[PDB]
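First the structure, in the form of structure tokens, and then the observations on it.
2 protein chains.
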Amino acid sequence: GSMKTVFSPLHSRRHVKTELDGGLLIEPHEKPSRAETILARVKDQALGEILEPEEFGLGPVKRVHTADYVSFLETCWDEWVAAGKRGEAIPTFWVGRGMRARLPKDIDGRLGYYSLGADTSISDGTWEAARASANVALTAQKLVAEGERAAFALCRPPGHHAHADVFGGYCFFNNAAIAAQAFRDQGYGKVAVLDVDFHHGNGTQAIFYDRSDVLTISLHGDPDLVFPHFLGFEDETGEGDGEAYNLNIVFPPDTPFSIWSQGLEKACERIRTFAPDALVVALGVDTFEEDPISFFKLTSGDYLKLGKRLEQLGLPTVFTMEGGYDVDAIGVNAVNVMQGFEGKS
Amino acid sequence: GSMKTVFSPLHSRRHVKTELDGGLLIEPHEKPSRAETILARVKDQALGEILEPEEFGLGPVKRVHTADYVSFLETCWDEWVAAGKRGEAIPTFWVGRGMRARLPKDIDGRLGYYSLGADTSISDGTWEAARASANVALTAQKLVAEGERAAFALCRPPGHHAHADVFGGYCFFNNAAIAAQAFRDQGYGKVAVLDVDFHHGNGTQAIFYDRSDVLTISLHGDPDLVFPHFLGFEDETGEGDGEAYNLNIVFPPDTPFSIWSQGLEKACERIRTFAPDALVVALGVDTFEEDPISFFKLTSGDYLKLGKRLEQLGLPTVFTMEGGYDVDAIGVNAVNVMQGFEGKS
Ligand SMILES: NCCCNCCCCCC(=O)NO
Ligand SMILES: NCCCNCCCCCC(=O)NO
Ligand SMILES: [K+]
Ligand SMILES: [K+]
Ligand SMILES: [K+]
Ligand SMILES: [K+]
Ligand SMILES: [Mg+2]
Ligand SMILES: [Mg+2]
Ligand SMILES: [Mg+2]
Ligand SMILES: [Zn+2]
Ligand SMILES: [Zn+2]
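These protein sequence lines are chains E and W, in that order. Each residue of the first sequence is one higher than the one before, counting from 3 in this note's numbering. Each residue of the second sequence is one higher than the one before, counting from 3 in this note's numbering.
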């Protein structure tokens, strides 16, 4: 083994109490016990050294995200409370079809402008946890750049749904995209980001969509049926310089590893012909057969197989944690990917 | 003078229990007591004959709204319930900036595709109430077309935020736009729609935006500060043939009638030069100094002056009821407009 994990205790600063779901406010799926359970499994399995993140500042964040958005995330909660709202910060209105993509002054307008959904409440400490999660990913990228074959960025909150200036799907900063852009800024000519979380990495796709230096691939449930609904379809192959440098691979309900791994192989062949200098894996274990909000049927053992197949790509590899919501198995599942990468069958 | 009022007892079929507001689910502002209080004031003041709407079917609604959107509103609640959701039907995800305006299959995706906000819950009876409210406006239009100088369509739910295929702002069918298009379909060459509700009539603006046969004017609170946030700015003057046939007049918080009436005069001047054959007034009394969600400062007496000034345009006039959420005064305020129109000071 010996794969290092980066973990920040500041993730628990994000501990919201409400999530809009089926017309009700429920206890959030993206809860701090997710990160604590994975961390406990990392320790129990003696995967490798565990370290806290270094502070990289907002520079590397703003290589991917707009300055207006970064500013909004820092002040959103304070403005929400100042305006007198009594719940957590949830968007109520947005730029509907036929409306202008124009940034307004009021906090409700800004919330809607910068969001793609209302299940991602903001409260005190969300900014701090998001900042820490991006630094977790950047610390993992640094470890790999300086000689580690791979590293595990135990990110929370997750990142892959966040656009340059849009938050949602429990994500604020796109940790995987930030790590990929760090590779590029450090002179890695080509980077691939492979998204194995159950949901489409729409944020990552959007950020590099017109670019051929960063190849983006996502396997995910059919957006006709599940979040994010309005991106992730297989006809989205990129634009401009980036045409043919994005690949979406879609699956229907009940898809098992025997079928999902065929898409994995197609994604692997695409990476191989792209021949990147570094690989970022946006790893969600919500592909699990017990995941409460997803519809694939991977077993815990399949994650060993996934990790083994990823190692065979022979690339410097940064894993960023995304989704996965069966907390009983989340640690067994996530660490299985790392152990399969390191040689366990 | 006397004015007839069209009222549907079917408005009570819309009776939702939740509204997303400031991160909480609260009792809805747009409540049945609004319509019942106005009707009781219409009776107590003996304004004129009260009658129920005629059923015109969806034909006239579909002159304004798309077939797909009208189908969605009919089935939305049933699909939501069949999908297992336990609350009222509230959008959770939508077409964020950078995503595709593409209709998906899942009801959550459809809900988001067809909405601009999350404060407008759908439940059993919403479809029937929306239909009845459109018929209320169409009956008033018929009364005027057949000889009445003016008629009061006591619509609930309101309409002016609804686009051809977007609902929100408590609106589903754009009653004012449906009445305007009915005038046009019956051979009235030119129609003006004047929106004195506190909020921008973005739906009416969008529906006629590229047309010169239907002049749309709205006075409203600055959308930089209040809903609908992403339309309503004074630089939106129309497009194509519709250029110069849309007019937005914006005011900041605390604006009193002494200032607001100056914008009203500007709108009346624009109407006079347009010289329409019929007038539809989308009437909200949320401009009232005690409205709980708005920031203008009209008094109850100012509505008599409003009614009088609108009569002086000398046009066949349909009033469609929009917003206004201080139930204590909503009856006095709205009927004051009708009474001022009939010569009461
Ligand atoms: N209360 C809304 C229902 C659940 N939310 C939808 C998907 C959010 C994204 C989660 C994820 O794991 N993305 O990778
Ligand atoms: N819970 C949302 C806060 C208050 N609602 C927003 C404005 C809806 C438009 C109402 C209206 O009267 N438009 O004319
Ligand atoms: K994915
Ligand atoms: K790309
Ligand atoms: K208005
Ligand atoms: K127009
Ligand atoms: Mg506001
Ligand atoms: Mg759904
Ligand atoms: Mg009062
Ligand atoms: Zn996921
Ligand atoms: Zn209003």
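Cβ coordinates follow ideal geometry from the N, Cα and C atoms, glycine included.
Enclosing beta strand (DSSP E) for residue i [first to last residue]
i	result
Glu-51 (chain E)	No beta strand (DSSP E) holds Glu-51 (chain E); DSSP gives it neither H nor E.
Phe-321 (chain E)	319-323
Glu-21 (chain W)	21-23
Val-283 (chain W)	280-285
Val-193 (chain W)	193-197
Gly-223 (chain E)	216-223
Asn-250 (chain E)	248-253
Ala-155 (chain E)	152-155
Any non-hydrogen atom of ligand 3 within 7 Å of residue i CB
i	result
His-231 (chain E)	no
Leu-221 (chain E)	yes
Cβ pair residue i, residue j closer than 8 Å
i	j	result
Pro-34 (chain W)	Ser-10 (chain W)	no
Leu-249 (chain E)	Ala-280 (chain E)	no
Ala-179 (chain E)	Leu-140 (chain E)	no
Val-334 (chain E)	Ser-302 (chain E)	yes
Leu-233 (chain E)	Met-5 (chain W)	no
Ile-332 (chain E)	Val-283 (chain E)	no
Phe-175 (chain W)	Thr-7 (chain W)	no
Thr-206 (chain E)	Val-195 (chain E)	yes
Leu-75 (chain E)	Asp-108 (chain W)	no
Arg-16 (chain W)	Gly-149 (chain W)	no
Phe-200 (chain W)	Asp-80 (chain W)	no
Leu-27 (chain W)	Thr-94 (chain E)	no
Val-168 (chain W)	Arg-99 (chain E)	yes
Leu-221 (chain E)	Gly-265 (chain E)	yes
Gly-223 (chain W)	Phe-253 (chain W)	yes
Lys-144 (chain E)	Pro-278 (chain E)	no
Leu-53 (chain E)	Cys-78 (chain E)	no
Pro-55 (chain W)	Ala-147 (chain W)	no
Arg-274 (chain E)	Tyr-247 (chain E)	no
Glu-32 (chain W)	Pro-159 (chain W)	yes
Residue i Cβ short of 7 Å to ligand 9 heavy atom set
i	result
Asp-121 (chain W)	no
Secondary structure of residue i, DSSP reduced to three states
i	result
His-202 (chain E)	coil
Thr-94 (chain W)	coil
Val-8 (chain E)	strand
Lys-299 (chain W)	strand
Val-66 (chain E)	coil
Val-44 (chain W)	helix
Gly-242 (chain W)	helix
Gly-61 (chain W)	helix
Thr-257 (chain W)	strand
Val-168 (chain E)	strand
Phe-210 (chain W)	coil
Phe-290 (chain W)	strand
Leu-26 (chain W)	strand
Residue i beta carbon near ligand 5 (any heavy atom closer than 7 Å)
i	result
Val-282 (chain E)	no
Residue i: CB within 7 Å of a non-hydrogen atom of ligand 8
i	result
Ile-109 (chain W)	yes
Cβ-heavy atom distance, residue i to ligand 6, below 7 Å
i	result
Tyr-247 (chain W)	yes
Heavy atom of ligand 1 within 7 Å of residue i beta-carbon
i	result
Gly-89 (chain W)	no
Closer than 8 Å to chain B by CB, residue i
i	result
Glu-90 (chain W)	Checking the listed chains, one finds no chain B in this structure; the protein chains it contains are E and W.
Residue i beta carbon near ligand 10 (any heavy atom closer than 7 Å)
i	result
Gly-325 (chain E)	yes
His-201 (chain E)	yes
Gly-286 (chain E)	yes
Boundaries (first-last residue) of the alpha helix (DSSP H) holding residue i
i	result
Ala-134 (chain W)	128-147
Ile-124 (chain E)	Segment: none, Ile-124 (chain E) is in no alpha helix (DSSP H) and carries neither H nor E.
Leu-105 (chain W)	Taken as a continuous stretch (DSSP letters only), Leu-105 (chain W) belongs to no alpha helix (DSSP H), as it is neither H nor E.
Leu-113 (chain E)	109-115
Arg-186 (chain E)	177-187
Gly-89 (chain E)	It is not in any alpha helix (DSSP H) - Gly-89 (chain E) carries neither H nor E in the DSSP assignment.
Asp-237 (chain W)	Counting along the chain, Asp-237 (chain W) falls outside any alpha helix (DSSP H), and DSSP gives it neither H nor E.
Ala-331 (chain W)	329-343
Proximity test, residue i beta-carbon vs ligand 2 heavy atom, cut-off 7 Å
i	result
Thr-94 (chain E)	yes
Residue i CB to nearest heavy atom of ligand 7 below 7 Å
i	result
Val-228 (chain W)	yes
query: Using 8 Å as the Cβ pair cut-off and three pairs as the minimum, do the segment 295-310 of chain W and the segment 325-339 of chain W touch?
result: With a cut-off of 8 Å on Cβ pairs, the segment 295-310 of chain W is in contact with the segment 325-339 of chain W, counting three or more such pairs.
task: Taking 8 Å as the threshold, find out whether the segment 24-44 of chain W comes into contact with the segment 319-327 of chain W through three or more Cβ pairs.
output: Taking 8 Å as the limit for Cβ pairs, the verdict is that the segment 319-327 of chain W does touch the segment 24-44 of chain W.
- request: Determine contact between the segment 206-215 of chain E and the segment 105-124 of chain E, defined as no fewer than three beta-carbon pairs at a distance below 8 Å.
  value: Touching, no, given that fewer than three Cβ pairs across the two stretches are closer than 8 Å.
query: Can you find at least 3 beta carbon pairs, one from the segment 155-170 of chain E and one from the segment 236-248 of chain E, that sit closer than 8 Å?
result: No: fewer than three Cβ pairs fall under 8 Å.
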